[PDB]
>>> print(open('upload.pdb').read())   # PDB, C-alpha atoms
ATOM      1  CA  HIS A 561     150.735  56.688 194.875  1.00  0.00           C
ATOM      2  CA  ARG A 562     152.977  53.664 194.422  1.00  0.00           C
ATOM      3  CA  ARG A 563     152.003  53.285 190.679  1.00  0.00           C
ATOM      4  CA  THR A 564     150.995  49.667 191.443  1.00  0.00           C
ATOM      5  CA  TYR A 565     147.715  50.873 192.905  1.00  0.00           C
ATOM      6  CA  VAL A 566     144.946  51.223 190.394  1.00  0.00           C
ATOM      7  CA  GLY A 567     144.582  54.810 189.248  1.00  0.00           C
ATOM      8  CA  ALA A 568     147.826  56.100 190.764  1.00  0.00           C
ATOM      9  CA  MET A 569     149.064  59.513 189.623  1.00  0.00           C
ATOM     10  CA  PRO A 570     152.110  61.492 190.788  1.00  0.00           C
ATOM     11  CA  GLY A 571     151.901  63.756 193.832  1.00  0.00           C
ATOM     12  CA  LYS A 572     150.968  67.418 193.573  1.00  0.00           C
ATOM     13  CA  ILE A 573     154.570  68.595 193.497  1.00  0.00           C
ATOM     14  CA  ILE A 574     155.482  66.737 190.369  1.00  0.00           C
ATOM     15  CA  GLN A 575     152.631  68.470 188.586  1.00  0.00           C
ATOM     16  CA  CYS A 576     153.931  71.885 189.536  1.00  0.00           C
ATOM     17  CA  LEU A 577     157.396  70.969 188.373  1.00  0.00           C
ATOM     18  CA  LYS A 578     155.915  69.662 185.153  1.00  0.00           C
ATOM     19  CA  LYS A 579     153.964  72.867 184.750  1.00  0.00           C
ATOM     20  CA  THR A 580     156.523  75.517 185.466  1.00  0.00           C
ATOM     21  CA  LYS A 581     159.130  73.481 183.524  1.00  0.00           C
ATOM     22  CA  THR A 582     162.044  75.096 185.464  1.00  0.00           C
ATOM     23  CA  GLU A 583     163.925  73.405 188.274  1.00  0.00           C
ATOM     24  CA  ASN A 584     163.567  76.373 190.696  1.00  0.00           C
ATOM     25  CA  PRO A 585     160.073  77.792 190.846  1.00  0.00           C
ATOM     26  CA  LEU A 586     158.603  79.661 193.825  1.00  0.00           C
ATOM     27  CA  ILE A 587     156.312  77.180 195.468  1.00  0.00           C
ATOM     28  CA  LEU A 588     153.813  78.791 197.808  1.00  0.00           C
ATOM     29  CA  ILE A 589     152.330  76.444 200.383  1.00  0.00           C
ATOM     30  CA  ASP A 590     149.183  78.191 201.515  1.00  0.00           C
ATOM     31  CA  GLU A 591     147.476  78.214 204.880  1.00  0.00           C
ATOM     32  CA  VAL A 592     149.841  75.885 206.739  1.00  0.00           C
ATOM     33  CA  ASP A 593     148.161  76.586 210.075  1.00  0.00           C
ATOM     34  CA  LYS A 594     145.050  74.402 209.709  1.00  0.00           C
ATOM     35  CA  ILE A 595     146.612  71.277 208.186  1.00  0.00           C
ATOM     36  CA  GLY A 596     144.613  68.146 208.995  1.00  0.00           C
ATOM     37  CA  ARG A 597     146.376  66.041 211.643  1.00  0.00           C
ATOM     38  CA  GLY A 598     144.360  62.817 211.665  1.00  0.00           C
ATOM     39  CA  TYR A 599     144.750  59.087 212.251  1.00  0.00           C
ATOM     40  CA  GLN A 600     144.736  58.347 208.474  1.00  0.00           C
ATOM     41  CA  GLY A 601     148.416  59.379 208.119  1.00  0.00           C
ATOM     42  CA  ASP A 602     149.354  62.841 209.266  1.00  0.00           C
ATOM     43  CA  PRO A 603     150.669  65.000 206.404  1.00  0.00           C
ATOM     44  CA  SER A 604     152.510  67.200 208.927  1.00  0.00           C
ATOM     45  CA  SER A 605     155.146  64.508 209.126  1.00  0.00           C
ATOM     46  CA  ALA A 606     155.217  64.529 205.339  1.00  0.00           C
ATOM     47  CA  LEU A 607     155.987  68.206 205.242  1.00  0.00           C
ATOM     48  CA  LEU A 608     159.183  67.741 207.249  1.00  0.00           C
TER
ATOM     49  CA  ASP B 415     165.330  36.730 187.323  1.00  0.00           C
ATOM     50  CA  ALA B 416     167.651  39.160 185.567  1.00  0.00           C
ATOM     51  CA  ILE B 417     166.055  41.926 187.640  1.00  0.00           C
ATOM     52  CA  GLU B 418     166.538  39.908 190.812  1.00  0.00           C
ATOM     53  CA  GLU B 419     170.174  39.263 189.814  1.00  0.00           C
ATOM     54  CA  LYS B 420     170.991  42.679 191.313  1.00  0.00           C
ATOM     55  CA  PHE B 421     169.797  41.121 194.617  1.00  0.00           C
ATOM     56  CA  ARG B 422     171.297  37.601 194.199  1.00  0.00           C
ATOM     57  CA  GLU B 423     174.784  38.769 193.314  1.00  0.00           C
ATOM     58  CA  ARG B 424     174.817  40.941 196.417  1.00  0.00           C
ATOM     59  CA  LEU B 425     173.577  37.961 198.464  1.00  0.00           C
ATOM     60  CA  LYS B 426     176.658  35.971 197.447  1.00  0.00           C
ATOM     61  CA  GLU B 427     178.758  38.241 199.717  1.00  0.00           C
ATOM     62  CA  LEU B 428     176.437  39.359 202.511  1.00  0.00           C
ATOM     63  CA  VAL B 429     175.257  36.030 203.849  1.00  0.00           C
ATOM     64  CA  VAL B 430     171.557  35.238 203.566  1.00  0.00           C
ATOM     65  CA  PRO B 431     170.126  33.698 206.781  1.00  0.00           C
ATOM     66  CA  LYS B 432     168.688  30.265 206.111  1.00  0.00           C
ATOM     67  CA  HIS B 433     165.266  31.550 207.092  1.00  0.00           C
ATOM     68  CA  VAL B 434     165.516  34.510 204.731  1.00  0.00           C
ATOM     69  CA  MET B 435     167.118  32.345 202.063  1.00  0.00           C
ATOM     70  CA  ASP B 436     164.272  29.859 202.085  1.00  0.00           C
ATOM     71  CA  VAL B 437     161.670  32.640 202.003  1.00  0.00           C
ATOM     72  CA  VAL B 438     163.264  34.254 198.962  1.00  0.00           C
ATOM     73  CA  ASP B 439     163.501  30.747 197.522  1.00  0.00           C
ATOM     74  CA  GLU B 440     159.758  30.091 197.529  1.00  0.00           C
ATOM     75  CA  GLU B 441     159.081  33.650 196.419  1.00  0.00           C
ATOM     76  CA  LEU B 442     161.561  33.128 193.582  1.00  0.00           C
ATOM     77  CA  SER B 443     159.653  29.996 192.630  1.00  0.00           C
ATOM     78  CA  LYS B 444     156.292  31.791 192.725  1.00  0.00           C
ATOM     79  CA  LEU B 445     157.542  34.876 190.903  1.00  0.00           C
ATOM     80  CA  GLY B 446     158.136  33.197 187.554  1.00  0.00           C
ATOM     81  CA  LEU B 447     154.655  31.645 187.462  1.00  0.00           C
ATOM     82  CA  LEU B 448     152.895  34.959 187.959  1.00  0.00           C
ATOM     83  CA  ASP B 449     151.231  36.761 185.089  1.00  0.00           C
ATOM     84  CA  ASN B 450     153.045  39.844 183.870  1.00  0.00           C
ATOM     85  CA  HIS B 451     150.003  42.157 184.078  1.00  0.00           C
ATOM     86  CA  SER B 452     148.184  41.192 187.288  1.00  0.00           C
ATOM     87  CA  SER B 453     148.304  43.995 189.838  1.00  0.00           C
ATOM     88  CA  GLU B 454     149.246  41.272 192.313  1.00  0.00           C
ATOM     89  CA  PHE B 455     152.324  40.602 190.190  1.00  0.00           C
ATOM     90  CA  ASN B 456     153.498  44.202 190.404  1.00  0.00           C
ATOM     91  CA  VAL B 457     152.661  44.157 194.115  1.00  0.00           C
ATOM     92  CA  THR B 458     154.617  40.974 194.821  1.00  0.00           C
ATOM     93  CA  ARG B 459     157.413  42.372 192.662  1.00  0.00           C
ATOM     94  CA  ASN B 460     157.592  45.524 194.760  1.00  0.00           C
ATOM     95  CA  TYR B 461     157.329  43.380 197.871  1.00  0.00           C
ATOM     96  CA  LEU B 462     160.198  41.173 196.788  1.00  0.00           C
ATOM     97  CA  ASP B 463     162.146  44.314 195.958  1.00  0.00           C
TER
END
>>> encode(input="upload.pdb", output="structure tokens")
Amino acid sequence: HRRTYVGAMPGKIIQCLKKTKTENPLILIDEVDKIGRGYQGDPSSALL
Amino acid sequence: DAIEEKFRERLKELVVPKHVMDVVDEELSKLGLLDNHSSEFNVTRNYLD
């Protein structure tokens, strides 16, 4: 989130980068096929 | 206003339309009044950014 919203925390990716502590881990997106394409903001655009 | 300087100084060269210039003027007037910790202040700060 923007960090001006109440309760904002960084996106999932930053947590994985924080966790693996290397710049080049092996991210594994799982189960891409059934991603939720709704009116509330389609993540599938975000993946591009 | 120091933080907005990075905007103002640019504005000296790339002309500010009189509409846009007045709008940033009243926002510049409001911005100093606002409390440092209101979530509305961070929101209007990001908006003005």
>>> closest_residue(input="upload.pdb", among="B:445, B:422, B:437, B:432", to="residue B:457", atoms="all atoms listed in the file")
B:445
>>> interface_residues(input="upload.pdb", of="chain B", to="chain A", cutoff="12 Å", atoms="all atoms listed in the file", output="MDAnalysis selection string")
chainID B and resid 451:461
>>> atom_distance(input="upload.pdb", atom1="atom CA of residue A:598", atom2="atom CA of residue A:572")
19.8 Å
>>> atom_distance(input="upload.pdb", atom1="atom CA of residue A:592", atom2="atom CA of residue A:577")
20.5 Å
>>> atom_distance(input="upload.pdb", atom1="atom CA of residue A:605", atom2="atom CA of residue A:576")
21.0 Å
>>> residues_around(input="upload.pdb", residues="residue A:587", least_positions_apart="2", cutoff="9 Å", atoms="only C-alpha atoms", output="compact mmCIF listing (two decimals) with C-alpha atoms, in the frame of the given file")
# COMPACT_ATOMS: atom_id res chain seq x y z
CA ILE A 573 154.57 68.60 193.50
CA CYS A 576 153.93 71.89 189.54
CA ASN A 584 163.57 76.37 190.70
CA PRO A 585 160.07 77.79 190.85
CA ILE A 589 152.33 76.44 200.38
>>> residues_around(input="upload.pdb", residues="residue B:434", least_positions_apart="6", cutoff="12 Å", atoms="only C-alpha atoms", output="count of residues only")
5
